[PDB]
Visitor: 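Sharing a structure, written as structure tokens. Questions coming.
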Amino acid sequence: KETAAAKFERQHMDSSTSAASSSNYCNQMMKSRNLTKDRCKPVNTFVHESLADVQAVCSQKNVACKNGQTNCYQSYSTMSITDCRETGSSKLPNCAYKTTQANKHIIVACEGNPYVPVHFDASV
């Protein structure tokens with residue numbers, strides 16, 4: 001099946017735009033990345049940076065994970081990110097989301113060889 005690293009790319013990477021350009025960004029992106037097929041994924045974050053920049057975070061600041069594992073890393077720099085959160089009234093098939101653009105550090109869990117992001121934990 002889809003590997004955790006590949007799923008991370010599909011769910012969290014947006015290297016083609018420097019930032020969310022409209023309030024409709026999330027509605028469109030959540031569908032384009034197949035996150036509303038049989039259920040509206042309630043919350044998601046997209047990172048507007050190159051894949052290389054996000055992958056590099058795995059060798060940046062090692063920080064504690066919520067789950068106690070030792071594989072979480074925080075980026076040294078802020079990155080352009082868009083937070084997407086399903087509205088309280090949203091429902092299939094037309095999932096509705098609130099779009100929020102900001103510049104924050106990201107925290108991801110890394111695994112494998114190559115040692116790359118497999119889960120997006122939070123943005124600070």
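Note that these values count all heavy atoms, side chains included, but never hydrogens, waters or copies made by symmetry. Numbers here simply count residues along the sequence, with the first being 1.
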Visitor: Using a strict SG to SG cutoff of under 2.5 Å, would you count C110 and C72 as disulfide-linked?
Guide: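 Answer is no, sulfur atoms not closer than 2.5 Å.
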Visitor: Between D14 and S16, is any side-chain donor less than 3.5 angstrom from a side-chain acceptor?
Guide: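 A pair is found: one side chain offers a donor N or O, the other an acceptor, under 3.5 Å apart.
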Visitor: Taking the side chain as every heavy atom from C-beta outward, state whether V57 and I106 have any atom pair closer than 4.5 Å.
Guide: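 They are in side-chain contact.
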Visitor: Any donor-acceptor pair under 3.5 Å linking the side chain of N113 with the backbone of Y115?
Guide: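 It does not hold such a pair.
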Visitor: Identify the heavy atoms of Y73 and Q60 that sit nearest to each other, and give their distance.
Guide: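 Heavy atoms only, the tightest pair is CD2-O, 3.5 Å.
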Visitor: When rounded to the nearest 0.5 angstrom, what distance separates CE in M29 from CG in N34?
Guide: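 It comes to 11.0 Å.
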Visitor: Side chains of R10 and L35: does their closest heavy-atom pair fall under 4.5 Å?
Guide: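 With C-beta onward as the side chain, the pair touches.
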Visitor: How far does SG of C65 sit from CG of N71, to the nearest 0.5 angstrom?
Guide: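 Reported to 0.5 Å precision, the distance equals 4.5 Å.
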Visitor: State, to 0.1 Å, how close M79 and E49 come at their nearest heavy-atom pair, and which atoms those are.
Guide: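 Shortest heavy-atom separation between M79 and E49 comes out as CA-OE2, 3.4 Å.
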Visitor: Looking at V116, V54, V118, which one forms a side-chain contact (heavy atoms from CB on, under 4.5 Å) with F8?
Guide: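 It is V54; the other options fail the test.
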Visitor: With side-chain hydrogen bond (donor to acceptor under 3.5 Å, both in side chains) as the test, pick out the partner of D83 among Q101, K98, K104.
Guide: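 Per the side-chain hydrogen bond (donor to acceptor under 3.5 Å, both in side chains) rule, the option paired with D83 is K104, out of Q101, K98, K104.
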Visitor: List the atom of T70, the atom of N62, and the distance in Å for their closest heavy-atom pair.
Guide: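 Looks like O-ND2, 3.1 Å.
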Visitor: Give the ring-plane orientation class for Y25 versus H48, where under 30° counts as parallel, over 60° as perpendicular and anything between as tilted.
Guide: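 Tilted.
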Visitor: Out of curiosity, does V124 fall in the hydrophobic cluster containing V63 (side-chain heavy atoms, cut-off under 4.5 Å, transitive links)?
Guide: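 Yes; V124 is reachable from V63 via cluster members.
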Visitor: Check step by step if side-chain contact (heavy atoms from CB on, under 4.5 Å) holds for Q28 and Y97.
Guide: CA-CA 9 Å; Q28 173 218 253; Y97 296 82; over 6 Å; no
Visitor: Once you round to the nearest 0.5 Å, how far does NZ of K7 lie from CD of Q11?
Guide: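 Atom-to-atom, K7:NZ and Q11:CD are 5.0 Å apart.
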Visitor: Might you point out which heavy atoms bring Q55 and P117 nearest each other, and give the distance in Å?
Guide: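 Shortest heavy-atom contact: CA-CD, 3.9 Å.
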Visitor: Would you compute the distance between atom SG of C40 and atom CD of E86 and round it to the nearest 0.5 angstrom?
Guide: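 It is 4.5 Å, given to the nearest 0.5 Å.
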Visitor: Shared ILVMFWY cluster between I107 and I81, side chains joined below 4.5 angstrom?
Guide: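 Different clusters: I107 never reaches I81 through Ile, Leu, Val, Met, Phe, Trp or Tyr contacts under 4.5 Å.
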Visitor: To the nearest 0.5 Å, what is the distance between NZ (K61) and OH (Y76)?
Guide: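 OH of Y76 is found 6.5 Å from NZ of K61.
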Visitor: Applying the side-chain contact (heavy atoms from CB on, under 4.5 Å) test to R85, which of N44, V43, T99 qualifies?
Guide: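 The single option meeting the side-chain contact (heavy atoms from CB on, under 4.5 Å) with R85 is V43.
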Visitor: Would you sort out whether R33 and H12 count as a side-chain contact (heavy atoms from CB on, under 4.5 Å), showing the intermediate values?
Guide: CA-CA 9 Å; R33 297 307 182 82; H12 305 293; over 6 Å; no
Visitor: Rounded to the nearest 0.5 Å, what separates atom CG in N94 from atom NZ in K31?
Guide: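 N94 atom CG to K31 atom NZ measures 8.5 Å (nearest 0.5 Å).
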Visitor: Any side-chain heavy atom of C84 sitting closer than 4.5 Å to one from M30?
Guide: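 Contact flag for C84/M30 side chains = yes.
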Visitor: State, to 0.1 Å, how close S90 and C95 come at their nearest heavy-atom pair, and which atoms those are.
Guide: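 Shortest heavy-atom contact: OG-CA, 3.4 Å.
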